[PDB]
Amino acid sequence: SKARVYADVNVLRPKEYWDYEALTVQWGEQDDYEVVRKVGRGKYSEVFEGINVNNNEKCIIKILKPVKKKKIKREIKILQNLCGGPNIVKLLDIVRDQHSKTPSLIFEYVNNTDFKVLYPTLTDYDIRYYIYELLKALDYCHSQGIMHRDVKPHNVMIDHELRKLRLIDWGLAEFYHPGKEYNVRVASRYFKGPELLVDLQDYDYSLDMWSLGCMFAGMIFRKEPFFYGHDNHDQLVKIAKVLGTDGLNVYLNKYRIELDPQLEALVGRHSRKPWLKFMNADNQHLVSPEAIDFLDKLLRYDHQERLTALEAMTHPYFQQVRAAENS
């Protein structure tokens, strides 16, 4: 398998761009940045709103839990490479505690509203708008030879007053090299592509497009998360019970992939459930034929079939957002 677009980005660029292990970090001054309050946590970091004491400007301070050199350089190099791109979080500085060597990444501040309370208040137009801005970020990172590999609402910071969006946490991100076999233990469960769940390692940017489809289905149908699996086997089961097993079987044979016998047993046999079956009274003002056509074009087993970010941005679903932006 290879990506249908941007396959050659890292091939044409100098080795320094993608050879992240050759990076030598340029540490800033820890004392420039003070923690104001904790705003988040995860497996790999704690996150705080802070202040730059020099200019009194707000920032985000991401304090990293103990991390391998190879891995931190990967996140830093990716951040540096993408800094300035549309709707990409801006890494401002990198600093470390002198005693413990605990590193902190310093970002532009974004005045985020919790997706769990934000999303239910979004208008149909709002959803179109924010999904479009998120697509800008993904087309950009893909065009620069990077897969994000952890698209989910938790990684999309939305300042809803300034109508602004940032794709954050490039901790799981990777350079795309044609034919490279990648680790499948990426993304977060509810957003993992079938490729991950069936051990197809030679995946590409299209992975992010499945995750985006899952986020989108969550929004229009008001079903958070959309595919609610308990473990990675059950995740494939949940998907199979919507998309049906025939399409799964065609996918598997195309890539010459066999399911673990135990997984095959769990998946069983299932017919396709039309998207309209998820419509109900709560969500109804959100679920037009344009919404559905677009969602259907994202949520495909076959990664090679899904819309590219560039394509998605042109889908008629977003025609009002483009018209407004053109002005």
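Throughout, we count residues from 1 along the sequence that is shown.
- Comparing the deposited coordinates for 240-248 and 189-197, the stretch with the larger average C-alpha B-factor is 240-248.
- The question of which stretch, 287-295 or 273-281, has the higher mean Cα B factor is settled in favour of 273-281.
- When the C-alpha B factors of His99, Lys136, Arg166, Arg222 are read from the deposited coordinates, the top value falls at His99.
- When the C-alpha B-factors of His148, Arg256, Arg128, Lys77 are read from the PDB record, the largest value belongs to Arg256.
- In this PDB entry, the Cα temperature factor of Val35 sits in the middle third of its chain's modelled residues.
- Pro153 sits in the lowest third of its chain by CA B factor, as recorded in the PDB entry.
- The deposited CA B-factor of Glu46 belongs to the highest third of values across its chain.
- Annotation for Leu263: CA B-factor lies in the highest third of the chain's modelled residues.
- Looking at the C-alpha B-factors along this chain, the one for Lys180 belongs to the middle third.
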